[PDB]
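Scroll down for the structure; my scribbles are underneath it.
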Amino acid sequence: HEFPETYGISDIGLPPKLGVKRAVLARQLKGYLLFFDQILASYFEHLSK
Amino acid sequence: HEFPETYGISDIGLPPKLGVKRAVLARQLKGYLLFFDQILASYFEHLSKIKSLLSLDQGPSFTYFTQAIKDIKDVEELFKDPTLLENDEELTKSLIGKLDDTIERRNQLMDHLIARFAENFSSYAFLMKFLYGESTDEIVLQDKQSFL
Amino acid sequence: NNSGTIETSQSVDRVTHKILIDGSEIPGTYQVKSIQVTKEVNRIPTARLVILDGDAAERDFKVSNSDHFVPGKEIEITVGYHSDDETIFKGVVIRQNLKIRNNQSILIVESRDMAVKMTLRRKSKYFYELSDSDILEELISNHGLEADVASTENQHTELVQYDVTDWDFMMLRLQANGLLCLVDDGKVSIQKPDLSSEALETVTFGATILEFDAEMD
Amino acid sequence: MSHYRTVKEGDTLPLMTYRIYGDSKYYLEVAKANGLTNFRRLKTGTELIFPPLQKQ
Amino acid sequence: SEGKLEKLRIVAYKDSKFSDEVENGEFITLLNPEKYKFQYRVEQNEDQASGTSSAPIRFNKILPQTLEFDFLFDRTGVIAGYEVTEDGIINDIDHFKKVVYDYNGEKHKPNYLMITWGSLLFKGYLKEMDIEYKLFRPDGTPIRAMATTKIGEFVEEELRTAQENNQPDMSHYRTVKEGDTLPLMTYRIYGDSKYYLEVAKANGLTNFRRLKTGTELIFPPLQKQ
Amino acid sequence: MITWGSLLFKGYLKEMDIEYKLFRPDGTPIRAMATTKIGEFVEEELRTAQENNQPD
Amino acid sequence: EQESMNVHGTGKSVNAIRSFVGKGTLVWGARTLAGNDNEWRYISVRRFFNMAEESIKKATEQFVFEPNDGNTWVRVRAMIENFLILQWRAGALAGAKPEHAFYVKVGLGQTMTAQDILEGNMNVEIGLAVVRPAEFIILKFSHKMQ
Amino acid sequence: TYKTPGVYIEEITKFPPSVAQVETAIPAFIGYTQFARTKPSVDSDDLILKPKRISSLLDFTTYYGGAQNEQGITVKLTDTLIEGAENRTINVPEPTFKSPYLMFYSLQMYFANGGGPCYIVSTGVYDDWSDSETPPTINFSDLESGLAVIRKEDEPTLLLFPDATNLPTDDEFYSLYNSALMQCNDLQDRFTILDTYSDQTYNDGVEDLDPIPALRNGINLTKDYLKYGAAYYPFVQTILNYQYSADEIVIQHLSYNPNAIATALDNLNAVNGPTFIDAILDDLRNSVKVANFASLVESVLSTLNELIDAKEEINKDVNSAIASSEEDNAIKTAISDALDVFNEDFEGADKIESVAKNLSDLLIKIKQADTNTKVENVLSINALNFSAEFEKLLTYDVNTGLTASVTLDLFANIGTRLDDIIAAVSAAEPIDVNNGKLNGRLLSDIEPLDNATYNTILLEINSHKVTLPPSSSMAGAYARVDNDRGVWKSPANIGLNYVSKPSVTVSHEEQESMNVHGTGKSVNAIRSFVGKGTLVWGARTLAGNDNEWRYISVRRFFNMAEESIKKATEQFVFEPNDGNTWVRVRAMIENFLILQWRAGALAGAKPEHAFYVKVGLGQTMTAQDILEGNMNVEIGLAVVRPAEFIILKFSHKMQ
Amino acid sequence: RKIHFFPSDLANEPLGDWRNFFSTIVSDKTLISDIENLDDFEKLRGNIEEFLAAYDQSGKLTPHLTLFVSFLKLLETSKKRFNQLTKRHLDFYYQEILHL
Amino acid sequence: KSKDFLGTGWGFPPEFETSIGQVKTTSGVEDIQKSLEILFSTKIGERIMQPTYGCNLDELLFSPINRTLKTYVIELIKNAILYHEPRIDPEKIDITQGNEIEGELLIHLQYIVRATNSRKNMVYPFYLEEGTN
Amino acid sequence: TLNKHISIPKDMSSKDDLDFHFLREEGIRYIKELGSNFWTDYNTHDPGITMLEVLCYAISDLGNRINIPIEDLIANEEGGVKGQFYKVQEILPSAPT
């Protein structure tokens, strides 16, 4: 949620006129970024315990 | 008398067009402020009695004093019983009353004045008890005044 | 004070002053062009007055001829805004100077505080079982001056003053002990630096400063 | 310099001191120089003096 | 009273708050000026180094203002509404000078002036004046004169700081709207984005990366010395 | 910022004169003339980007 | 007490003399003994009319023995209008332009008939709008958040 | 009315509006108000169907009034023990039942967003709730009446209905808007602003419907009507508070130790005694003559007033016992019945309260009787009611020196009835396990008893904000644009005031179907942008695919230009129909249009490319038209259209 | 208890007194149930002193008492001046009347 | 509790309650509105050690209404606010005559409440470090 | 027990996990040491650098919660410390011997 709309990984999505390929690439980036989020989420979770 | 006209507690009153509620609130304020005036009036009153308190002819029966306040527009309505405002002695008994421990305070004043002549009446404290009971306190103060 | 200004009792629209000599005001016919007063740690306070005078058509100087600005007289200077005056300087008149130029003629009068008495004669003396602050009080009282001197812990068994003035001897001995000398309106005060007291006011670059100079080394 | 005024109805002592000296704080020195005890109520025919401030 | 021709007035005052009038200190003209003129000046600092194509400009000061106008005095007898006087314009000019020029021994200075005509209201001091005498009666009584005037502007120092409401030194509050972030709001208030963790600690925020859109925050000032 | 057609200028005011010419009978002005002088402002980060200074 | 001096069922108003703090004794109020009247409640209105009427009356004396016809009627009108236009410029009369401040009407079929010409009468009608004072000030405050 | 010269400060004043001017953004608002009266201080409502011009909220408030107090506010408190210490939780939820009357709130938004003078038509005035869960409803035919009324006014240019979304069905909602679009076409000078029915999937009683698809099916008119309006979506959350009265809010209390009954019972034990009512009951049971009499009346009156106050205190505590006795409803009934009987001595059944009231009125009259006659001082007792009212307390006390012959009396039945109340209340002491001291009491009542809790509750109540349809804010925004740039400038990319956020977030995938759609029924979007806040995005009409009428600004420009020309030509209506008139009509129209061209409304390098006017026989008219009395004028116009899209391209070369 | 109190909803009619405005000073209401008839104030004075200590520099008094108590504290400087009269009187007699 | 520098104080026409032994107080915007009522209800010399507090609007009683007057009225109001009410900025002063006969002048003052704390605002936990003595 | 005036420090420098600029510089230093053969463009339009700055921001958030005082971090929903500590009334007293 910290990235710009241009990247296409936010809640409002990406405009249809930009085509499928760009929408697919946005999906690939979301996958990559989950490697960083799952680790951070663990540390916050550890405080709760 | 030190406040502005806007407050409504001065001699010229408050204009009718402002309504009853504002006139009522002015009365509430007058009531509150009397708690400050009655105390100040007492201190001024106490200066007027210095001559009596230290008199060689005859001292007063009270050691604390008060005054009626009459430069306020409705004191006849503010007080539950206006009778007291006609006599400062009754007002004193009602407002200060017992707080004035007159027997002990009157003796301290008399003893000081007697001491100024290098005299001493300590023995009356017990010698009079072989003659009188509780009534000695009045008798002794009378005798000390006569001595001076 | 965060007001953004300098607090004065009155508007700064009109500056007033008075000059008193031997207890009373100099007559309002004399025109005083300029007044300067200075004070500083370990020095004797001074002041200067510039008075317009002299007339080529008469061949004389009337103010100079008066008995107001004669060496030896006592002078007092007060200043403030809209006649709210306060005393700035007290002392004695010492010098009188005249200056003439093609289109100018003035009188300049100089004065100093009473402490000046301590700078005129070289002396010689033996001191005995005294602390430095007992010595400092003695040197000052010898000239009829008022004093307020911080005490010291040490006591000498003998000390020698030789062929020096009282002012100079006092300065040497006082520094050796970490003290500063403050002279003000006839009183000599000797104290350690006080960095703990409350500030008198705030002076700000973007609001009240006219000029500024500073150095770090 | 010295000054005198006559008291008119509506005058108070701290307001008159402000117009003569520039400050309201001198009202107890004006009352002592005139022998006034009840200065919070002035009577409307009284002539007062206003002495100057001392210089040294 | 739209149809009334208003005439220019000048009143003299004793204090810098303009509340205590000089007695008999009001002048009213008999003929209005044709026009009047204002002047405004702002000064900047323009030092630059050699080899450069532009200078770094810094605001320095706002200089005082200036008003100018001209007057005509005439008692010849052709202007409707007025009478011919035995002494001409002698008392008109003497009353005008007593208001705007003469030294007042009560305040050790000339008078404070307020100038009012219609929409105009100006406070200040006289700087300059020229009076030229034009027509005379055979015994030497003047009946016409022309005057040029220049007025400076006066502001009391307590009123200058109230008009320059000078505000990293004071306290501030805002309400959170949707679309706000904490480092962008910190930049607009302090000039730097780096204070966002001190703003969040002063408000008790733990999840500051998502703000809820009804919250009122405080922004404390920076510490001095 | 001053914009009219092709013109675009950034800076600050240096000088101004305003002269009042016509009035209604009650003293309301209805005509005036103003003369103005504007200086030029460049921020220092933009000066070095416009002077693309390039043996180094 | 003061409210009953200014407004009263009989219209017989009384003006008050009062002491104010820091000012001294002032005159407070300026109404006539017909204080509820729509036209004559103010002193200044009644005094203005007495003045204006006397001045016009004197100005018209020069036409007393003139012929009663159009060549006189026109001269009387011009003169009265000149007096009134000066009073308007001076601030006595109300109105943005003269058409709203005053009027003068003279003429046969307007103010006169055949019988008046025969009797020797001349009828002049004049109307005037006048300025009245402010007595009360009413304030109101409202706010918005920055 | 003022009598003494001076400076007065007043909270409420009337203002002198006076000068009208021609403007293009003038809405009419049709809906319900608190009242509708010409005169600020009369009881009659007489402005309901009389359209009135309002300049600000300051005028609205003096003829129509404010908002209705909400009846749906609930406050709940819970007491629990932590390690022995008490801990109180305060819960104030969002109301589910809200008043349906929104005109007041809508006007606040209109003015906040830059609106000017407007017209108000009331369709009636506010009515009452039936219960805390039953709000009043809106009758469709009231809005139709108001529309028929505004039809006859010439000045209004925009049509809005502040309470349309509270109609019972969507079918009624759509019918109302189709009517408005038809009226706009009949008159040729108005534009309609439309809202959706709801921002949430709503149920029609049969099926769950999506709001944008539902509005599109609802408005089933053709292009000739669709070109006269536009719709906006979603609703917006504002910063306005709800109106309420603290006295009307009841507080629920739950606690670990039940002390509600115990409190009520202790207060009643104090009640049933000599220091509360026996002393009252024992005491209760010619200018000089008037003064003496009047004193005696006042003494009785004062005594009666104390007895009346006593009744009110009893009801206040007994009711908390009833409210708290959740279990064993048999006891709730026993308590309630005992109280209901007690009250009969004070209420209409035998009204002690009216005796006290009547004695007061009679007492004033006898004191004032002295103003003019000895007769009044007789009539007030025997023609009027002093004899009659004292009898209602004791029927014939006068029968003996000691009150006697009390064939009837209003006094002291209180003793037995208080005993019955206490006994019933005491039955609840072992029944009530969960209610605290304040349970069943009013919010205002607690203020003396507790203050920390009271202030906390008020802060929580005021955290709830008002939500509104967007149309009233748009009317405000239209006014701003018309003044800043002109009627030919598009309303889009303008920020809204007093808006925290859109009710819902609309994604790009969704937004494309709002702007371009097979039906042409475009919807403009309200969106939040980072660092900017809420903006209006898009400005198309309900005929959004049309080649001429897809933009709002184009349609509004024409309505304006046509009205102005129409007025200019009225001066020629009864002129001869010949060449000397035809030429004058042309010159005038051309002068109007050349000004619009210089202003930037019309397109074209020079007038020959911007507009034309043709008038003449053989051009626009024939011999038959001259005979009939017709005149035909033909006008063409080239207009300016907005940019919606920006396309960038980059290319490079090597140095 | 000697001063009437006027409620804001009555046309200047009295209803009760000012008793409830000082009820927060005394921690045990027993001692003031008949205060106007007391001849022994030792118990009452004791509770009042506890009150004064408890709220000294607490920041917790209602504003009408805050003024009353601040006023009473300011008056202590008057007591100091007033009680020096006995010395001034004695010195006057020995030095100005008897000239010693 | 963000808006704590506007402060809390006594209501102007102080009212005393009997349901609790307290005097009513005001805060925030309510407090500002009562401050304005006080200022324009008092004359310049009426306060004892505050000889310059209040306004001079009474100078204009019994005078005709014109452009010169209106200009003077506006000046009087603006200066009184600059000296005595630090929490607001005036927005507009509208001066009109609503009566042909009755001697009435109607003045409507509109103003904006400040979001930042003034250097002249004596509110207890703030002036100590952000304002004057 | 009076309220004090509240302000914020001006020396925003700690050289630890709460210092954004410090973290950003260390990030870039590590990148050069490990991957400068392939990734050399460190300008602000670079997606790589953009991701680094986002992560640095997230780290500061974590560090800030770790510093929350113990009284809150181990608090119970209902208050108290029942399962965390034994109180002095319970753990200090001794049976009488």
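Each chain in the structure tokens gets a letter, A, B and so on, in the order shown; residues start at 1 in every chain, and ligands are counted from 1 in the order they appear.
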- Which polymer residues have any atom within 8 Å of an atom of segment 52-59 of chain J, counting only C-alpha atoms, with same-chain residues fewer than 2 positions away left out, as a list in words?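 Contacts, in chain order: residues 6 and 7 of chain H; 39, 40, 41, 42, 43, 44, 45, 46, 47, 50, 61, 73, 76, 77, 80 and 84 of chain J.
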Write a file of the selected residues as a compact mmCIF listing (two decimals), in the first residue's frame, keeping N, CA and C atoms.
```
# COMPACT_ATOMS: atom_id res chain seq x y z
N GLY H 6 -28.50 53.86 22.82
CA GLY H 6 -27.39 53.06 23.31
C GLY H 6 -26.97 52.02 22.31
N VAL H 7 -26.03 51.19 22.73
CA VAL H 7 -25.49 50.12 21.92
C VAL H 7 -26.02 48.81 22.44
N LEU J 39 -16.27 42.77 25.49
CA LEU J 39 -15.44 43.87 24.99
C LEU J 39 -16.29 45.02 24.46
N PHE J 40 -17.30 44.72 23.68
CA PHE J 40 -18.07 45.79 23.08
C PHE J 40 -19.19 46.29 23.96
N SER J 41 -19.28 45.81 25.19
CA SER J 41 -20.19 46.32 26.19
C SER J 41 -19.56 47.22 27.22
N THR J 42 -18.27 47.51 27.11
CA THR J 42 -17.63 48.34 28.13
C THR J 42 -16.88 49.51 27.52
N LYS J 43 -16.80 50.59 28.30
CA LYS J 43 -16.18 51.84 27.89
C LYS J 43 -14.70 51.85 28.26
N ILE J 44 -13.94 52.72 27.59
CA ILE J 44 -12.47 52.70 27.67
C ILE J 44 -11.93 52.88 29.09
N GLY J 45 -12.48 53.82 29.86
CA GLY J 45 -11.95 54.05 31.19
C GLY J 45 -12.61 53.31 32.34
N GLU J 46 -13.45 52.30 32.09
CA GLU J 46 -14.19 51.65 33.17
C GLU J 46 -13.42 50.62 33.99
N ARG J 47 -12.33 50.05 33.50
CA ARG J 47 -11.59 49.08 34.30
C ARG J 47 -10.56 49.83 35.15
N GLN J 50 -6.68 48.90 34.18
CA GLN J 50 -6.68 48.68 32.73
C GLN J 50 -7.39 49.85 32.05
N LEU J 61 -23.35 58.13 18.32
CA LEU J 61 -24.77 58.27 18.56
C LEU J 61 -25.21 59.67 18.18
N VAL J 73 -16.32 53.61 11.72
CA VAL J 73 -16.84 52.47 12.50
C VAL J 73 -15.97 51.25 12.32
N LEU J 76 -12.69 51.49 14.23
CA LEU J 76 -12.84 51.31 15.67
C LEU J 76 -12.94 49.85 16.05
N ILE J 77 -13.73 49.09 15.28
CA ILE J 77 -13.95 47.67 15.57
C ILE J 77 -12.67 46.89 15.37
N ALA J 80 -10.05 47.49 18.22
CA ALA J 80 -10.42 46.86 19.48
C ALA J 80 -10.13 45.37 19.48
N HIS J 84 -7.40 43.48 21.88
CA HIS J 84 -7.94 42.72 23.00
C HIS J 84 -8.43 41.29 22.75
```
Could you give me, as JSON lines, every chain K residue with an atom at most 12 Å from chain A, plus its closest atom pair and distance in Å to one decimal, counting only C-alpha atoms, rows ordered by chain then number?
```
{"residue": "K:47", "atom": "CA", "partner": "A:7", "partner_atom": "CA", "distance": 9.4}
{"residue": "K:50", "atom": "CA", "partner": "A:3", "partner_atom": "CA", "distance": 8.3}
{"residue": "K:51", "atom": "CA", "partner": "A:3", "partner_atom": "CA", "distance": 8.4}
{"residue": "K:52", "atom": "CA", "partner": "A:36", "partner_atom": "CA", "distance": 11.1}
{"residue": "K:53", "atom": "CA", "partner": "A:2", "partner_atom": "CA", "distance": 9.8}
{"residue": "K:54", "atom": "CA", "partner": "A:2", "partner_atom": "CA", "distance": 6.6}
{"residue": "K:55", "atom": "CA", "partner": "A:36", "partner_atom": "CA", "distance": 8.4}
{"residue": "K:56", "atom": "CA", "partner": "A:2", "partner_atom": "CA", "distance": 11.5}
{"residue": "K:57", "atom": "CA", "partner": "A:2", "partner_atom": "CA", "distance": 9.4}
{"residue": "K:58", "atom": "CA", "partner": "A:40", "partner_atom": "CA", "distance": 8.3}
{"residue": "K:59", "atom": "CA", "partner": "A:40", "partner_atom": "CA", "distance": 8.5}
{"residue": "K:60", "atom": "CA", "partner": "A:40", "partner_atom": "CA", "distance": 11.7}
{"residue": "K:61", "atom": "CA", "partner": "A:44", "partner_atom": "CA", "distance": 10.1}
{"residue": "K:62", "atom": "CA", "partner": "A:44", "partner_atom": "CA", "distance": 7.3}
{"residue": "K:63", "atom": "CA", "partner": "A:44", "partner_atom": "CA", "distance": 10.2}
{"residue": "K:64", "atom": "CA", "partner": "A:44", "partner_atom": "CA", "distance": 11.3}
{"residue": "K:65", "atom": "CA", "partner": "A:44", "partner_atom": "CA", "distance": 8.7}
{"residue": "K:66", "atom": "CA", "partner": "A:47", "partner_atom": "CA", "distance": 7.7}
{"residue": "K:67", "atom": "CA", "partner": "A:47", "partner_atom": "CA", "distance": 11.0}
{"residue": "K:68", "atom": "CA", "partner": "A:47", "partner_atom": "CA", "distance": 10.6}
{"residue": "K:70", "atom": "CA", "partner": "A:47", "partner_atom": "CA", "distance": 11.3}
{"residue": "K:72", "atom": "CA", "partner": "A:48", "partner_atom": "CA", "distance": 11.3}
{"residue": "K:73", "atom": "CA", "partner": "A:48", "partner_atom": "CA", "distance": 8.0}
{"residue": "K:74", "atom": "CA", "partner": "A:48", "partner_atom": "CA", "distance": 8.8}
{"residue": "K:75", "atom": "CA", "partner": "A:48", "partner_atom": "CA", "distance": 10.8}
{"residue": "K:76", "atom": "CA", "partner": "A:48", "partner_atom": "CA", "distance": 11.7}
```
Can those selected residues be exported to a file as an mmCIF file, in the first residue's frame so that it contains N, CA and C atoms?
```
data_model
loop_
_atom_site.group_PDB
_atom_site.id
_atom_site.type_symbol
_atom_site.label_atom_id
_atom_site.label_comp_id
_atom_site.auth_asym_id
_atom_site.auth_seq_id
_atom_site.Cartn_x
_atom_site.Cartn_y
_atom_site.Cartn_z
ATOM 1 N N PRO K 47 12.948 1.505 -9.687
ATOM 2 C CA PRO K 47 12.107 0.623 -8.867
ATOM 3 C C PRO K 47 12.847 -0.043 -7.724
ATOM 4 N N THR K 50 13.197 2.499 -5.017
ATOM 5 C CA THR K 50 11.867 2.739 -4.465
ATOM 6 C C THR K 50 11.501 1.680 -3.431
ATOM 7 N N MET K 51 11.743 0.409 -3.754
ATOM 8 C CA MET K 51 11.454 -0.675 -2.824
ATOM 9 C C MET K 51 12.256 -0.558 -1.539
ATOM 10 N N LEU K 52 13.530 -0.172 -1.640
ATOM 11 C CA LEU K 52 14.368 0.003 -0.457
ATOM 12 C C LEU K 52 13.787 1.024 0.498
ATOM 13 N N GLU K 53 13.366 2.172 -0.029
ATOM 14 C CA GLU K 53 12.822 3.215 0.826
ATOM 15 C C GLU K 53 11.549 2.768 1.535
ATOM 16 N N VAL K 54 10.697 2.000 0.850
ATOM 17 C CA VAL K 54 9.481 1.486 1.478
ATOM 18 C C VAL K 54 9.819 0.573 2.637
ATOM 19 N N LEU K 55 10.783 -0.315 2.436
ATOM 20 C CA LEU K 55 11.175 -1.224 3.496
ATOM 21 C C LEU K 55 11.775 -0.487 4.683
ATOM 22 N N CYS K 56 12.571 0.556 4.440
ATOM 23 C CA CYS K 56 13.161 1.306 5.547
ATOM 24 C C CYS K 56 12.086 1.933 6.417
ATOM 25 N N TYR K 57 11.039 2.445 5.779
ATOM 26 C CA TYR K 57 9.906 3.022 6.477
ATOM 27 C C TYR K 57 9.223 1.983 7.364
ATOM 28 N N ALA K 58 8.991 0.784 6.820
ATOM 29 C CA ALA K 58 8.388 -0.312 7.576
ATOM 30 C C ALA K 58 9.221 -0.718 8.787
ATOM 31 N N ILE K 59 10.548 -0.694 8.661
ATOM 32 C CA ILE K 59 11.410 -1.037 9.788
ATOM 33 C C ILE K 59 11.237 -0.059 10.928
ATOM 34 N N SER K 60 11.187 1.242 10.628
ATOM 35 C CA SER K 60 10.996 2.240 11.673
ATOM 36 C C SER K 60 9.723 1.985 12.463
ATOM 37 N N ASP K 61 8.648 1.594 11.773
ATOM 38 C CA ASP K 61 7.382 1.279 12.431
ATOM 39 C C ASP K 61 7.543 0.136 13.419
ATOM 40 N N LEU K 62 8.239 -0.920 13.013
ATOM 41 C CA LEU K 62 8.451 -2.033 13.923
ATOM 42 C C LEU K 62 9.228 -1.601 15.150
ATOM 43 N N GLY K 63 10.318 -0.855 14.955
ATOM 44 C CA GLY K 63 11.125 -0.434 16.087
ATOM 45 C C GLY K 63 10.337 0.406 17.069
ATOM 46 N N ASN K 64 9.467 1.257 16.548
ATOM 47 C CA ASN K 64 8.651 2.105 17.390
ATOM 48 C C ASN K 64 7.706 1.316 18.288
ATOM 49 N N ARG K 65 7.192 0.165 17.837
ATOM 50 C CA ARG K 65 6.304 -0.575 18.730
ATOM 51 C C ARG K 65 7.072 -1.362 19.751
ATOM 52 N N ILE K 66 8.268 -1.805 19.401
ATOM 53 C CA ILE K 66 9.064 -2.538 20.364
ATOM 54 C C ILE K 66 9.329 -1.685 21.592
ATOM 55 N N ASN K 67 9.469 -0.371 21.414
ATOM 56 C CA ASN K 67 9.697 0.552 22.527
ATOM 57 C C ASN K 67 8.467 0.913 23.370
ATOM 58 N N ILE K 68 7.293 0.363 23.088
ATOM 59 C CA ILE K 68 6.122 0.608 23.937
ATOM 60 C C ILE K 68 6.402 0.049 25.324
ATOM 61 N N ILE K 70 6.335 -1.688 29.034
ATOM 62 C CA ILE K 70 5.888 -3.001 29.499
ATOM 63 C C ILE K 70 4.491 -2.956 30.059
ATOM 64 N N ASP K 72 1.951 -1.665 29.102
ATOM 65 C CA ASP K 72 0.945 -1.831 28.089
ATOM 66 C C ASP K 72 1.143 -3.123 27.325
ATOM 67 N N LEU K 73 2.392 -3.490 27.048
ATOM 68 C CA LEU K 73 2.633 -4.672 26.230
ATOM 69 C C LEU K 73 2.124 -5.943 26.868
ATOM 70 N N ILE K 74 2.141 -6.040 28.190
ATOM 71 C CA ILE K 74 1.664 -7.265 28.812
ATOM 72 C C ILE K 74 0.355 -7.074 29.558
ATOM 73 N N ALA K 75 -0.391 -6.036 29.229
ATOM 74 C CA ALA K 75 -1.666 -5.792 29.871
ATOM 75 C C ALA K 75 -2.713 -6.826 29.499
ATOM 76 N N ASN K 76 -3.630 -7.077 30.427
ATOM 77 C CA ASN K 76 -4.779 -7.930 30.162
ATOM 78 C C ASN K 76 -5.950 -7.089 29.708
#
```
- Select residues of chain E: the criterion is any atom within 12 Å of an atom of chain A, counting only C-alpha atoms; output as an NGL selection string. :E and (181 or 206-207 or 209-210)
Kindly save the residues from that selection, with C-alpha atoms included, as a PDB file, in the first residue's frame.
```pdb
ATOM      1  CA  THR E 181      -0.408  10.601   5.313  1.00  0.00           C
ATOM      2  CA  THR E 206       0.867   2.946  17.165  1.00  0.00           C
ATOM      3  CA  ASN E 207      -0.531   2.246  13.691  1.00  0.00           C
ATOM      4  CA  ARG E 209       0.761   4.152   8.631  1.00  0.00           C
ATOM      5  CA  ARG E 210      -3.018   4.071   8.374  1.00  0.00           C
TER       6      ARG E 210
END
```
Can you build me a table of chain F residues sitting at most 6 Å from chain E, with the closest atom pair per residue and its distance in Å to one decimal, using only C-alpha atoms, sorted by chain and residue number, as a Markdown table?
```
| residue | atom | partner | partner_atom | distance |
| --- | --- | --- | --- | --- |
| F:14 | CA | E:42 | CA | 5.0 |
| F:15 | CA | E:41 | CA | 5.0 |
| F:16 | CA | E:40 | CA | 5.1 |
| F:17 | CA | E:39 | CA | 4.8 |
| F:18 | CA | E:38 | CA | 5.3 |
| F:19 | CA | E:37 | CA | 4.5 |
| F:20 | CA | E:35 | CA | 5.6 |
| F:21 | CA | E:35 | CA | 5.4 |
| F:25 | CA | E:5 | CA | 4.7 |
| F:26 | CA | E:6 | CA | 5.1 |
| F:27 | CA | E:118 | CA | 4.1 |
| F:28 | CA | E:118 | CA | 5.9 |
```
Serialized selection, N, CA and C atoms, as an mmCIF file, in the first residue's frame:
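File again37.cif, as written:
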```cif
data_model
loop_
_atom_site.group_PDB
_atom_site.id
_atom_site.type_symbol
_atom_site.label_atom_id
_atom_site.label_comp_id
_atom_site.auth_asym_id
_atom_site.auth_seq_id
_atom_site.Cartn_x
_atom_site.Cartn_y
_atom_site.Cartn_z
ATOM 1 N N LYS F 14 8.890 45.332 -5.881
ATOM 2 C CA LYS F 14 9.829 46.310 -5.342
ATOM 3 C C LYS F 14 9.216 47.679 -5.097
ATOM 4 N N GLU F 15 8.360 48.165 -5.995
ATOM 5 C CA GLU F 15 7.903 49.547 -5.970
ATOM 6 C C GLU F 15 6.470 49.647 -6.457
ATOM 7 N N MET F 16 5.741 50.615 -5.908
ATOM 8 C CA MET F 16 4.361 50.853 -6.298
ATOM 9 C C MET F 16 3.981 52.300 -5.999
ATOM 10 N N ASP F 17 3.205 52.900 -6.902
ATOM 11 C CA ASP F 17 2.623 54.224 -6.718
ATOM 12 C C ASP F 17 1.169 54.155 -7.152
ATOM 13 N N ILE F 18 0.250 54.663 -6.333
ATOM 14 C CA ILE F 18 -1.173 54.702 -6.668
ATOM 15 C C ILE F 18 -1.669 56.136 -6.533
ATOM 16 N N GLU F 19 -2.311 56.643 -7.586
ATOM 17 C CA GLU F 19 -2.834 58.002 -7.647
ATOM 18 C C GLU F 19 -4.335 57.973 -7.906
ATOM 19 N N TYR F 20 -5.101 58.672 -7.070
ATOM 20 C CA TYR F 20 -6.561 58.653 -7.108
ATOM 21 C C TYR F 20 -7.087 59.885 -7.839
ATOM 22 N N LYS F 21 -7.987 59.680 -8.802
ATOM 23 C CA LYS F 21 -8.306 60.709 -9.791
ATOM 24 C C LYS F 21 -9.720 61.266 -9.707
ATOM 25 N N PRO F 25 -19.456 62.568 -4.928
ATOM 26 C CA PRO F 25 -19.595 63.700 -3.986
ATOM 27 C C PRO F 25 -19.378 63.392 -2.511
ATOM 28 N N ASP F 26 -19.594 62.154 -2.074
ATOM 29 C CA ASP F 26 -19.366 61.779 -0.686
ATOM 30 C C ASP F 26 -17.956 61.246 -0.456
ATOM 31 N N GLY F 27 -17.086 61.339 -1.455
ATOM 32 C CA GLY F 27 -15.699 60.955 -1.310
ATOM 33 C C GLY F 27 -15.377 59.519 -1.642
ATOM 34 N N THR F 28 -16.189 58.858 -2.442
ATOM 35 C CA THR F 28 -15.881 57.500 -2.878
ATOM 36 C C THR F 28 -15.108 57.546 -4.190
#
```
